[PDB]
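So the structure is just underneath, and the comments pick up after that.
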Amino acid sequence: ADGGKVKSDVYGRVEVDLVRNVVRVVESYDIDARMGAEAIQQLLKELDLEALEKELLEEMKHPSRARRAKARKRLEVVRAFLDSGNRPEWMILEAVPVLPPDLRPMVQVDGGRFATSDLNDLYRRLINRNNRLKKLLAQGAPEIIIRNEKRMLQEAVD
Amino acid sequence: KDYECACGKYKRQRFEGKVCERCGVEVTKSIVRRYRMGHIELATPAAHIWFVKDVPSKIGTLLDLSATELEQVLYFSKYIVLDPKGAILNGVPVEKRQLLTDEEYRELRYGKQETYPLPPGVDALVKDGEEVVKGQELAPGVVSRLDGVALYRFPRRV
Amino acid sequence: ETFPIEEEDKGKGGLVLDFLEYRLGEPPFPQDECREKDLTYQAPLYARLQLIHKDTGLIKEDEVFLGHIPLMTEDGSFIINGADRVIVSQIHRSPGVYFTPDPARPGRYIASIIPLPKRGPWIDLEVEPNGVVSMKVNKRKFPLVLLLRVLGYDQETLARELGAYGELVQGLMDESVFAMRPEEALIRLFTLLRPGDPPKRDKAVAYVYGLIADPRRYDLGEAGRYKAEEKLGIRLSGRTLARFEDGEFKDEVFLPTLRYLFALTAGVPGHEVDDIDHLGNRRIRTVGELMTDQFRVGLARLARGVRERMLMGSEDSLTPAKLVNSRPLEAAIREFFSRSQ
Amino acid sequence: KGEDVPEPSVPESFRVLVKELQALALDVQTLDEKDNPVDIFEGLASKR
Amino acid sequence: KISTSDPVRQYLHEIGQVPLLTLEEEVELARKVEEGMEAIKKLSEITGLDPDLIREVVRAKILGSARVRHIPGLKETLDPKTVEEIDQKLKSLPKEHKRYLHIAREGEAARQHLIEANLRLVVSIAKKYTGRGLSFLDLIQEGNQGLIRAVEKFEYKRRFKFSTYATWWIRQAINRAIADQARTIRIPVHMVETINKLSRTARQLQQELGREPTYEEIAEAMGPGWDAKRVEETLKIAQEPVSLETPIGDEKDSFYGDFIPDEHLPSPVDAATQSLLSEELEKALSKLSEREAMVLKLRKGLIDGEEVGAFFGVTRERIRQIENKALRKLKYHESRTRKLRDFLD
Ligand SMILES: [Zn+2]
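Protein chains in written order, with the authors' numbering: chain A, 422 to 579; chain B, 54 to 211; chain C, 50 to 390; chain D, 1072 to 1119; chain E, 74 to 378, 384 to 423.
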């Protein structure tokens, strides 16, 4: 591939200089490097709670109190998740429910004053950021700016 | 509005359960306007702070990460956690669940070292560098010879 | 208090706006008319002002009516908006210095220097002998001697005259390594405060805990100096601990407080225990004070924006409009008679 | 009409809550005799 | 921790490691960006593929894997197979057109590189449009979008450098943003400058009167068609809304919303109204001849408010005939058994 991303052997990037036949080949390989809810969403789906349940069971009763104690607190959450109710991939947000409208009114006050549930200024926060994101992805994407936004976005969702 | 639609194609109770052909409005009073919900579709996910920042990070607990600090680290800012695999080394094997910095991560994806030292005058270092630059593999510490000492202290080619 | 606005250098300055005489006299409307119509009975005030220049010329723009200030009815009540209103008096810790028993440790009590306005340090002297003494302005403590040294009090003269009868003197002469360098102690304390500031600033911060702002302009004579001579220490040279004549400061208050601490802790110079609730400790704010304060807060707001226009006005004709804007004083004073709790 | 007052419908306090609660990830669904749905929001929540 | 500092450090660090030299580096990248275009176009030319597609496939290979195509843009380009097919044809392009392929990528790259390097430029600019009603980070980001806009139009043939060019394209982006998102209720750019002018005017008017101008001065000083009604209106829209949720009364625990009443909702009084009204109106409606009563009942009470267009086949003469004779027999017996007289309204 041309001169950005190409994995040949253990070395993984390939620049091209058509001057002399020169295939510059840089050496670092497919390194899944992620940050943000993106990365945790992945980790969260991959886990088979059953395994960690059994693994902690052993960790719980066998080693000394230091690492087994941590494991008993860590088995609590894993148990309920599995026990009865719903599964853990949901703690990650990708679809934000919006509170009803008349609950976040827009009203005529006096002369023309208007009152709105503060929730609406936050909502706009999220939407603008979310959109600006999409447009920043499409426009073209310089890394610093994409994350920068994704940070803002995150905060907003909070 | 009460039982009426927005444009008004249908306006009373006889057809209370149907929606308007050209525009969408099924009606009972504006209470439906205060109980219904909409959702925003987030670009790249973000997480619920209700689960991330409660004392026991329910995702930190479940996902064996730094329960309180590894999260904050990758979540809001750019500190990457190698998710599935990453063959190349830091000095040791791929860190299955460990997190790294921009700096070192940078050193990974493009190549070990970035050194752009560009010479002061037109004849002194332009010659030292040129003679040894194009096809000559330059070893670490290659002592270019003119402005001060142009020091190339790293790997393979130039 | 806020009229001599000294603005010197950052570009061009040397500004000197000076106050001459305050005069207010012709009420806009009358009492009853102010109640029939929704009106705020306030007297008009415009004092004389003359701004100087570093170049030949001093333009005096006589009047500027900023701030319409309410007046009192002969009975004592006001007329702010339609309804007659009243300013209720208040109560608090009178700006002085007292010594109160320590929090949790039954041991010994600690000193407190109270300086109102809010902006203006709040000091406390506490000794915890395993190796530390604590004097706190904003928060973090430092030695009680590093300061005396700065001013000029040396280990020998201090310890011997103040605490010969007070063995506590030994905690004062303790860190001798630092006590052997005078004016360097000034820079070193500056270091102790914490921003990452320029070591060099000749006599700037020492000024602040010196003469003008933080300490107070309450009448030179009986405002604070009353709480002094009778309670502790004898003299005051300059209202509060103040001086800026030679660069070398004088502090007739910093030593007496410790003096009384070593005294209060060692026997009966007198019986130095202050019952806070004693009324000679709690002062009553009469109407005047309550209004004069909001009046000066406004003056500051005014003086704030005027400074900005000492740089905005092109050449010398900047006396009237260039320096004064009545928006602050109005909102300020108006807010106090209509919105004050 | 001199009819004995009707038997209370769900209070708005309740509904406002559930939705406030829905405003946050959480899902609050009422249930039946046998753990099955039941409906507080009379007919305004089903879609379209 | 706290957001501003992290991003500032974030791009300031990278610029710190890679600022673009004044001429060389900007020229270099620029040259590469343009050749990319010229390339992508000639690529479209020999592939028959839309320049939009050639642009997204080279983007994917240089900026990101299947991951970046699948989440951002839902799913029309098959994550693997699709984009790859396209890449294959690009390879088939012999020595001559293959060159354009290799160029497009590197250009795309430079684009990104030129974009990184000039991020301090944005921040420095965006730094001054701070207190307009937008978050600094938001402002820098919009401005950033502005720089990306400049990258698409800069012609390196015309010697002027990217500095002066980016300034404009960014300042435009920011000001727009300020006018588009700053308020809760959207106000077009014209209204905005309008309001700025109004404001600036009121300032010059505050200068000497000692009287916060009546809306007379403002009209005059503003210009051609300015009147009292216009200024009172403009400043009415200028006021941002209030927080339906603000600390109220004595600031203890007062939320501005329990005090506003509600209008649509029929206070009990009205529910009782509609009951008797509809039961009694319904009784009358039945005891009458359907022909012209329903016509006027339905034409008036069922759809919208047309004598002629009101009756089916029977013309106006029978309409007015029965309308006015049934309406009066109905009102005069209702006069007898007084049920309706007590005006339900
Ligand atoms: Zn319709």
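Even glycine gets a Cβ: it sits at the ideal position worked out from N, Cα and C.
Within-7 Å CB hit, residue i to chain C
i, result
"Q280 (chain E)", "yes"
Coarse secondary structure for residue i, derived from DSSP in three states
i, result
"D173 (chain C)", "strand"
"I333 (chain E)", "coil"
"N549 (chain A)", "helix"
"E570 (chain A)", "helix"
"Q462 (chain A)", "helix"
"residue 590 (chain A)", "Outside the displayed span of chain A (422 to 579) sits residue 590 (chain A), for which this structure offers no information."
"residue 379 (chain E)", "Position 378 is followed directly by 384 in chain E, which means residue 379 (chain E) is not present among the coordinates."
"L142 (chain B)", "coil"
"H117 (chain C)", "strand"
"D124 (chain C)", "coil"
"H141 (chain C)", "strand"
"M527 (chain A)", "strand"
"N217 (chain E)", "helix"
"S183 (chain C)", "strand"
"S366 (chain C)", "coil"
"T105 (chain C)", "coil"
"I93 (chain B)", "strand"
"residue 373 (chain A)", "The question about residue 373 (chain A) has no answer, for chain A in this structure spans 422 to 579."
"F421 (chain E)", "coil"
Within-7 Å CB hit, residue i to chain E
i, result
"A370 (chain C)", "yes"
"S83 (chain B)", "yes"
"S130 (chain B)", "yes"
"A562 (chain A)", "yes"
Test: residue i CB closer than 7 Å to a CB of chain H
i, result
"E570 (chain A)", "The structure shown contains no chain H; its protein chains are A, B, C, D and E."
Closer than 7 Å to chain B by CB, residue i
i, result
"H186 (chain E)", "no"
"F1112 (chain D)", "yes"
"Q462 (chain A)", "yes"
Straight-line Cα distance separating residue j from residue i
i, j, result
"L191 (chain B)", "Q214 (chain E)", "42 Å"
"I127 (chain E)", "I159 (chain E)", "8 Å"
"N187 (chain C)", "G296 (chain C)", "24 Å"
"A250 (chain E)", "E99 (chain E)", "27 Å"
"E384 (chain C)", "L418 (chain E)", "57 Å"
"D253 (chain E)", "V262 (chain E)", "8 Å"
"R210 (chain B)", "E157 (chain B)", "20 Å"
"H337 (chain E)", "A345 (chain E)", "15 Å"
Chain D contact for residue i (CB, 7 Å cutoff)
i, result
"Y88 (chain B)", "yes"
"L520 (chain A)", "yes"
"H101 (chain B)", "yes"
Short Cβ contact (7 Å threshold) for residue i with residue j
i, j, result
"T154 (chain B)", "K571 (chain A)", "no"
"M512 (chain A)", "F104 (chain B)", "yes"
"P522 (chain A)", "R86 (chain B)", "yes"
"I310 (chain E)", "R193 (chain E)", "no"
"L540 (chain A)", "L520 (chain A)", "yes"
"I397 (chain E)", "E365 (chain E)", "yes"
"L260 (chain C)", "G287 (chain C)", "yes"
Residue i at chain A interface by Cβ criterion, 7 Å
i, result
"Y84 (chain E)", "yes"
"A103 (chain E)", "no"
"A1116 (chain D)", "no"
"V175 (chain B)", "no"
"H170 (chain E)", "no"
Under 8 Å, with one C-beta from each stretch per pair, do the stretch 276 to 286 of chain C and the stretch 301 to 313 of chain C reach the 3-pair mark? yes
At a cut of 8 Å, does the stretch 211 to 227 of chain C reach the stretch 309 to 327 of chain C through at least three beta carbon pairs? yes
Examine the Cβ distances between the stretch 121 to 132 of chain C and the stretch 97 to 106 of chain C and report whether three or more of them are shorter than 8 Å. no
List in chain order the residues whose CB is within less than 5 Å of at least one heavy atom of ligand 3. Of the ligands this structure carries, namely ligand 1, none is ligand 3.
Are there three or more Cβ pairs, one per stretch, closer than 8 Å when the stretch 515 to 531 of chain A is compared with the stretch 163 to 178 of chain E? no
Are the stretch 108 to 121 of chain B and the stretch 54 to 69 of chain B touching, with three or more C-beta to C-beta distances below 8 Å? no
Pairing CB atoms from the stretch 334 to 348 of chain C with CB atoms from the stretch 375 to 383 of chain C, are three or more of them under 8 Å? yes
Is the stretch 106 to 118 of chain E close to the stretch 146 to 157 of chain E, with three or more CB pairs under 8 Å? no
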